[PDB]
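Chains as they are written, first to last, in the UniProt record's numbering: chain Y, 21 to 471, 488 to 534, 541 to 548; chain L, 184 to 470, 488 to 534, 541 to 548; chain A, 21 to 471, 488 to 534, 541 to 548. Think of the CB as a built atom: it goes at the ideal place given N, C-alpha and C, for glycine as much as any other residue.
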Amino acid sequence: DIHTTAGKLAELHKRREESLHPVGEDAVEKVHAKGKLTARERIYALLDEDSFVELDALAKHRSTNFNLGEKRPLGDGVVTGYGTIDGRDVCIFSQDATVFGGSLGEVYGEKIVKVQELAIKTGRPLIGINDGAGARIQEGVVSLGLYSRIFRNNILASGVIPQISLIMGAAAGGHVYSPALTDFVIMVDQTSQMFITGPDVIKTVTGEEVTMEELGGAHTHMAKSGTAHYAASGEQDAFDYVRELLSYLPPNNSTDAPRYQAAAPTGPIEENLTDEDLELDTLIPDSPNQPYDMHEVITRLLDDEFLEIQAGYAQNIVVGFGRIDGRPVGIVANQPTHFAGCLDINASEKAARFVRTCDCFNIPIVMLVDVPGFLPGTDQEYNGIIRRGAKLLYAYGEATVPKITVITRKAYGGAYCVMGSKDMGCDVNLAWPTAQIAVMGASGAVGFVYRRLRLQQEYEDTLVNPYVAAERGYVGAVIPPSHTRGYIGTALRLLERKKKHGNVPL
Amino acid sequence: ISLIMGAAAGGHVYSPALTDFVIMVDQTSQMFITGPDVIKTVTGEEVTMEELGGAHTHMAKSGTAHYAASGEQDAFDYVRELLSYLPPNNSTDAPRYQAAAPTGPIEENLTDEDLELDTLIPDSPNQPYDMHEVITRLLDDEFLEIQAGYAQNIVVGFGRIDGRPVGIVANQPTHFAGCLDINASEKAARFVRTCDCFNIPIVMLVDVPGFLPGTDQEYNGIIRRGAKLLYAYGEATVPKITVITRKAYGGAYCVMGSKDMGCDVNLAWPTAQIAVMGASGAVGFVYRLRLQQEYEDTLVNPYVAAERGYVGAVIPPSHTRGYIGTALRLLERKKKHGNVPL
Amino acid sequence: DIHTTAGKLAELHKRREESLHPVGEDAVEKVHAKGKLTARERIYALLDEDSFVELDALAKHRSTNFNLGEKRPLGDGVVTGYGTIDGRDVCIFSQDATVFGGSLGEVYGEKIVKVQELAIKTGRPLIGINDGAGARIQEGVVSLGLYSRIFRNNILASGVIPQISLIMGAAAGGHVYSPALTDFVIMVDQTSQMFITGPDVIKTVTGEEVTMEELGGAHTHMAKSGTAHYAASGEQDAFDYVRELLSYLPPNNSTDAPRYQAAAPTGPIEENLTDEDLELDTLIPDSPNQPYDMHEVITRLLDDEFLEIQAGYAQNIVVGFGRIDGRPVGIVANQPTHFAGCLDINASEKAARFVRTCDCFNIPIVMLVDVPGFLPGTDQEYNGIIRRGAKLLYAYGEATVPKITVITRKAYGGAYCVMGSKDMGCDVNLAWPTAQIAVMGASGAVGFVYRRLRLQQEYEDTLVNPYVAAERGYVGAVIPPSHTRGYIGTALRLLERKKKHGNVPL
């Protein structure tokens, strides 16, 4: 009986039950038959058990354009609310591609806005789960106004609260820009795509024939475009990566990144070397041009795992999160097995946005350095190495988080400058006995300086070493490789309490 | 400001890149990290210094040079002209020349040049026109164009309106039909952030069908790099005035100074066509040359956006100069850092 | 041809023309037949000639509820934009009672929100011209949301930019709270009303029979409710008063009130006494308790006119604007011709809000004091004199603008404290030879002090004077009445470059 208190309560229970399958129970069965989670099940999976509080569950669109009034799904195509991840509050939306293809309309947009505003207001991370076709064309330009509002909120929140975008279906059209504006883009391999304009319009306009996967899949946005930070092997893998990612980060820019329990001092660094530490002493090959795996250094410095960022992009540089002595750090490391660890356009941009992200969110930058120069090439100049390589300078000079650099081997020319040089504002500078720090390698310098294999040999035995930079104070300590972990740990402890905006090259 | 006046080789070229404006001398100056000799030995590519790092390379290919001078004196001239628009620092008003007197209603103050705007837009929505024809008629005197030989589907530069320095961001129908692409987005993004750093109002003139469709655009980073223009604009706090002269479709509408991106005053000509997408593409989803004609005559216009308040006024084109000067006076006294896409 | 540029331009001219009479030419004729101006004619009348720039002229409502979609007037019932008043920029809205009775809907509320945000962002005054029945029932709760957004913007702008409300027809329902939140309410005598609930509902609910004019006319809100600041003698007079009012005020709280040319002096104060100044020497009656009108002092201090606020309310105190030596000042003056200048609840609230407005808008406060105490009476207690009288204390103790006080005659007890005492934070304190400053009058005091006509006289003659206060430094100068103008002029020049929020009693 609708006119009684009990009847009103029972009627709410009915609307709620309907909101869980807003376009029919069969639409949910069809999602599950693909092996996929629903918009809201994605949220339950990511969030802590029983932590989700839903907002605007019973929302409905208000358009009457083109018979849209005949179908008004509860929720209007997106699920929004708040909850916890490992006990810490977050805000979240998840788009429902079963409702108008996950196309954004006005009310759907308003729901995302409320949650963006809630995250900004509370100083808490914002997780967006993206899966939708674009703007609900029937609604008209109002859809574009909500895109604008969302983009503007991503910009306002940028570097203030962590913003993570999960791409879990095809994400087409205007709103792919919101992911681009967030800090981390996590795609799911084969099951997610991101593109402005689809293959149909591309074919009609350019004659190019391309699949959605080829056009905007996880592999394309990982390896080619430099846009995806992670290409998950499945949806659960993606949620696992995001939870790991959040565990390194503070809730906002005005809060310390969370630390685990530090270890007690056991005496001098000399006397606290593990077998794994001692392995570093013999890691660098005798031959000064022989490749070695930089991850071998990384894994030996970190307490446990390395959460790598853009692992399938720009393999000449390794970037990611780990902990040293319970403290979150951002690693930036040249990889000698790719272009001999030379920098290039792509490695520069990858590393630069990473450095700025760590800086926003109070994460110390540890550089591991073995850099012969910049990758030579005509396309490098044409494609903007000067303008784009400059972004890494910019990101590093700007950073005020603790900065610690270890030169393991080469550091030559302007690349030495870029990779955590003292005079770019690095706080503590370290070098291995194998460090070679010079304007130019002996090999190319002798042609200028004595204008052959003996002059070379002279210069490199005399000047391509750690000690010239050490006597300038550009390195504060030339150290046994095994002492690296203990040094960084003491330096991180020491450093633990260190314009409208600039004009970074774009 | 960086003047490149001979061959600049090596790591110090990064200094120019970090500066706001790079002025090169054509034929007579180059910039490169690594010379042709190292390139040849490492890649086998053969290239002259001019090809590798000349003004034309850094203008047209790399998006690095803001001006390519005809000679040394021409370089100096440009740098002085550029400085005339700018304050000494971010704490100071950009300098102004005397504003004019008011002389009554807008209609009674229309010059012959103003009225020329009324007939400028072609009847065919597909026929291009040079957007410099609009810019020139809005400005007091000259236009100092920035990166004129780069990403020519967008035009960016400095002028004065009623004695006030302004930064023009305008789509160019004459190249790519005015579509945004990666290079145009980056050119205009950095320009917008430069204007905002140095207290220069941003005036957008909008005729944008969309983004340049294509495979290479996706692969080379249109989403990540196109987003820089949103970020630049959304971050700006200087006066923002946008005039849609014609097309404004889809996400490119959002990008080109949309109200909800924080534009202060939004205007449109009677030829503005503000829609999610063009009639032809829309009818396929929404519902055929009859369907299309009705969609365009019903919805592809300034008025639906006018009714949402996304445009504040649909105006005779001739009235544009007057509205802008008035809005500029109205608006004249309006984190560690963010994490723009790089 | 609507497919041509020329045809598109012609169609715009056509839409514009229709917007000037959005519900037909006949409706305009009916307005004029009453002698009233339209919404937009009120704007053209107020603003400088040819200065108006209209916004959202062609807006239409987007509601389909209850056959609403059949009537979509251009402009949605409100005229909004910006222009100038005396060459300075203002923002403005003007409600159209011919369009849905001037009732607010979503789009109408949107247009008002746009000019509020524009005023706040530009740091320019906001003028609202109010004439209408309040929320469109047909649109539903969305109209109430827009009300809320408008009220909230009024609060946000409060004390930041001058907000003036012109009430120019019958304003009924929720929205009359917006004028209340603004700084000044100007009503038109006979021809404007405001009330929350109309006479019809009041009769059905309470049985009281009342006219709209009796309920909420300009005179009612002037004399009884304390809500109207000016009761204008017609629309044009209301416009004239607002222009004058704005001439005293800066554009926002960050800007000095605008000044006219200061005079130069002809030597000392004593040597620049006009005949008008000298009249002040003989103005105070010989008989201690004989009334004199305080306007006789005010008009002789001021350069030209006195713009009086709430002239017909709480006439025991006089407040308003004038200029001294080209400088805007806010006068707060006891009126000896009403209650002998005694403070009461209504006078306290009138002066308190005026003081806080002056302080928001950088206007020096000049007090002219002749106050025997507080109006005695049981209803003064029952209706809140302790709570409401305190507000004048709060306002004054909070003020940081230049404060100058002149005691012309009486200042007794707690009312002495209230009326700009030294120890309440007054900057410069002056008194006339006729000042009587004491805990209480001689006649009440003798009862206590000597616990008889001889004792009074001894007490009066010894203690009831300017000098005991002058010796404690409570008055800085006892001065000839004629010197007052010269003294306030020098003090204003000397003083010209002089919590979340508090908890004022409400």
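3 or more residues per run - each beta strand (DSSP E) lying fully within the region 127-178 of chain A
146-150, all fully within the region 127-178 of chain A.
Quick check: the Cα distance between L412 of chain L and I337 of chain L, rounded to an integer number of angstroms?
Translated into the one-based positions of the second sequence, residue 412 of chain L becomes position 229. Translated into the one-based positions of the second sequence, residue 337 of chain L becomes position 154. Using only the alpha carbons, I get a separation of about 12 Å.
Using 8 Å for Cβ pairs, my map puts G445 of chain Y next to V386 of chain Y. What's the rounded Cβ distance?
Start at 1 with the first residue of the first sequence, and residue 445 of chain Y comes out as number 425. Start at 1 with the first residue of the first sequence, and residue 386 of chain Y comes out as number 366. Contact flag wrong, Cβ pair sits at about 15 Å.
7 Å Cβ cutoff, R488 of chain L in contact with chain Y:
Start at 1 with the first residue of the second sequence, and residue 488 of chain L comes out as number 288. Not one chain Y Cβ lies under 7 Å of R488 of chain L.
Around the C-beta of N174 of chain Y, are 16 or more other C-beta atoms found within 10 angstroms, so that it is buried, or is it exposed?
The residue labelled residue 174 of chain Y in the question sits at position 154 within the first sequence. The residue is buried, with at least 16 neighbouring Cβ atoms inside 10 Å.
Reduced DSSP secondary structure (H/G/I, E/B, other) of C378 of chain L:
Locating residue 378 of chain L in the second sequence gives position 195, counting from the first residue. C378 of chain L: helix per DSSP, three-state reduction.
Cβ closer than 9 Å: which chain A residues qualify as neighbours of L450 of chain L?
Sequence index remark: in the second sequence, residue 450 of chain L carries index 267 (1-based). By Cβ distance, chain A contributes nothing, its closest Cβ being about 10 Å from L450 of chain L, past 9 Å.
According to DSSP, what are the bridge partners of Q115 of chain A?
Within the third sequence, the letter at position 95 stands for residue 115 of chain A. Answer is A:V98, bridged to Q115 of chain A.
Taking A283 of chain Y as the reference, which of Y:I365, Y:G525, Y:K50 and Y:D96 has the closest Cα?
Taking the first residue of the first sequence as 1, we reach residue 283 of chain Y at position 263. Checked all of Y:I365, Y:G525, Y:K50 and Y:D96; the closest Cα to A283 of chain Y is Y:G525.
Helix, strand or coil at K423 of chain A [DSSP, three-state]:
Translated into the one-based positions of the third sequence, residue 423 of chain A becomes position 403. The answer is strand: DSSP assigns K423 of chain A an E or B state.
What does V99 of chain Y reach in chain L if we use C-beta pairs closer than 7 Å?
Position 79 of the first sequence holds residue 99 of chain Y. What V99 of chain Y touches in chain L: nothing, since even the nearest Cβ is about 23 Å away.
Between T104 of chain A and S83 of chain A, how many whole angstroms is the CB-CB distance? I'm expecting something under 8 Å.
Residue 104 of chain A sits at position 84 when you count from the first residue of the third sequence. Residue 83 of chain A sits at position 63 when you count from the first residue of the third sequence. Not really, about 35 Å apart at Cβ, beyond 8 Å.
Which whole runs of the alpha helix (DSSP H) in the region 298-374 of chain A are 4 residues long or more, in chain order?
315-321
Near-chain A residues of the region 500-518 of chain L - C-beta to any C-beta below 9 Å
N501, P502, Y503, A506, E507, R508, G509, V511, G512, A513, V514, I515, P516 and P517
Can you find the residues in the same chain that come closer than 7 Å, C-beta to C-beta, to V389 of chain L, ignoring five residues on each side of it along the sequence?
Along the second sequence, read from residue 1 onward, the residue named residue 389 of chain L stands at position 206. Excluding sequence neighbours, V389 of chain L sits near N354, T425, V426, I427, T428, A431, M439 and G440.
Relative to the C-alpha of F341 of chain A, which residue among A:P384, A:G122 and A:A177 is closest?
What you label residue 341 of chain A is simply residue 321 of the third sequence in a count that begins at 1. It is A:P384.
Helix, strand or coil: how does DSSP classify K430 of chain L here?
What you label residue 430 of chain L is simply residue 247 of the second sequence in a count that begins at 1. Strand.
Whole runs of the alpha helix (DSSP H) within the region 187-258 of chain Y, excluding any shorter than 4 residues:
Positions of the alpha helix (DSSP H) runs, each at least 4 residues long and wholly inside the region 187-258 of chain Y, are given as 197-201, 219-226 and 232-236 in order along the chain.
Select from the region 75-97 of chain A all residues with a C-beta closer than 8 Å to any C-beta belonging to chain L, and list them in chain order.
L75, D76, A77, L78, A79, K80 and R82
Neighbouring residues, chain L, relative to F215 of chain Y (Cβ below 7 Å):
Residue numbering aside, residue 215 of chain Y sits at position 195 when the first sequence is read from its first letter. What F215 of chain Y touches in chain L: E401.
Could you say which of A:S253, A:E291, A:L327 and A:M214 lies nearest to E234 of chain A if we only look at CA atoms?
Counting from one through the third sequence, the residue named residue 234 of chain A turns up at place 214. The residue with the shortest Cα to Cα distance from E234 of chain A is A:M214.
By Cβ distance below 7 Å, which residues in the same chain neighbour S368 of chain L in space, the five residues on each side in sequence not counted?
Indexing the second sequence from 1 puts residue 368 of chain L at position 185. Counting only Cβ-Cβ distances below 7 Å, and skipping sequence neighbours, we find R408, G409, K411 and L412.
CB contact check: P392 of chain L to chain A, cutoff 7 Å
Here the question's residue 392 of chain L lines up with position 209 in the second sequence. At a cut-off of 7 Å between beta-carbon atoms, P392 of chain L makes no contact with chain A.
Quick check: the Cα distance between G193 of chain Y and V546 of chain L, rounded to an integer number of angstroms?
Here residue 193 of chain Y corresponds to residue number 173 of the first sequence, with the count starting at 1. Here residue 546 of chain L corresponds to residue number 340 of the second sequence, with the count starting at 1. Rounded to the nearest angstrom, the two C-alpha atoms are 20 Å apart.
Where the beta strand (DSSP E) through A458 of chain Y begins and ends
Locating residue 458 of chain Y in the first sequence gives position 438, counting from the first residue. Looking at the DSSP string, the run of the beta strand (DSSP E) that includes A458 of chain Y is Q456 to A458.
8 Å CB neighbourhood of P392 of chain L in its chain, flanking five on each side removed
Walking along the second sequence from the start, residue 392 of chain L turns up at place 209. So the qualifying residues of the chain are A360, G361, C362, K430, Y432, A435 and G461.
Assumed close pair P182 of chain A, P145 of chain A - CB separation to whole angstroms, cut-off 8 Å:
As a first step, residue 182 of chain A is located in the third sequence; it is residue number 162 there, counting from the start. As a first step, residue 145 of chain A is located in the third sequence; it is residue number 125 there, counting from the start. At roughly 4 Å, the Cβ-Cβ gap stays under 8 Å, so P182 of chain A and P145 of chain A are in contact.
Which term fits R343 of chain L, buried or exposed, when burial requires 16 or more other beta carbons within 10 angstroms of its beta carbon?
For the purposes of this step, residue 343 of chain L is identified with residue 160 of the second sequence, where counting begins at 1. Result: buried.
Spatial neighbours of residue 537 of chain A within its chain, please: C-beta separation below 8 Å, excluding the five flanking residues on both sides.
Position 534 is followed directly by 541 in chain A, which means residue 537 of chain A is not present among the coordinates.
Short-range partners of chain L found in the region 368-399 of chain Y, where Cβ spacing is below 7 Å
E369, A372, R373, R376, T377, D379, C380, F394, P396, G397 and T398
What three-state label does DSSP hand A513 of chain L in the structure shown?
As a first step, residue 513 of chain L is located in the second sequence; it is residue number 313 there, counting from the start. Correct three-state label for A513 of chain L: strand.
Tell me, to the nearest whole angstrom, how far the beta carbon of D313 of chain Y is from that of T357 of chain Y; I am working on the premise that it is less than 8 Å.
As a working mapping, residue 313 of chain Y is identified with position 293 in the first sequence. As a working mapping, residue 357 of chain Y is identified with position 337 in the first sequence. The Cβ separation is near 6 Å, so the contact holds.
Rounding to the nearest angstrom, what Cα-Cα distance links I222 of chain A and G544 of chain A in this structure?
The count along the third sequence starts at 1 and reaches residue 222 of chain A at position 202. The count along the third sequence starts at 1 and reaches residue 544 of chain A at position 502. Rounded to whole angstroms, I222 of chain A to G544 of chain A spans 37 Å at the Cα level.
Beta-carbon separation of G101 of chain A and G122 of chain A under 7 Å?
Numbered from 1 along the third sequence, position 81 holds the residue referred to as residue 101 of chain A. Numbered from 1 along the third sequence, position 102 holds the residue referred to as residue 122 of chain A. No. Outside cutoff.
Endpoints, the beta strand (DSSP E) within which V73 of chain A is located
By 1-based counting over the third sequence, the position of residue 73 of chain A is 53. Per DSSP, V73 of chain A belongs to the beta strand (DSSP E) from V73 to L75.
According to DSSP, is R108 of chain A part of a helix, a strand, or is it coil?
To locate residue 108 of chain A, count along the third sequence from 1; it is residue 88. In the structure shown, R108 of chain A sits in a strand (DSSP, three-state: E or B).
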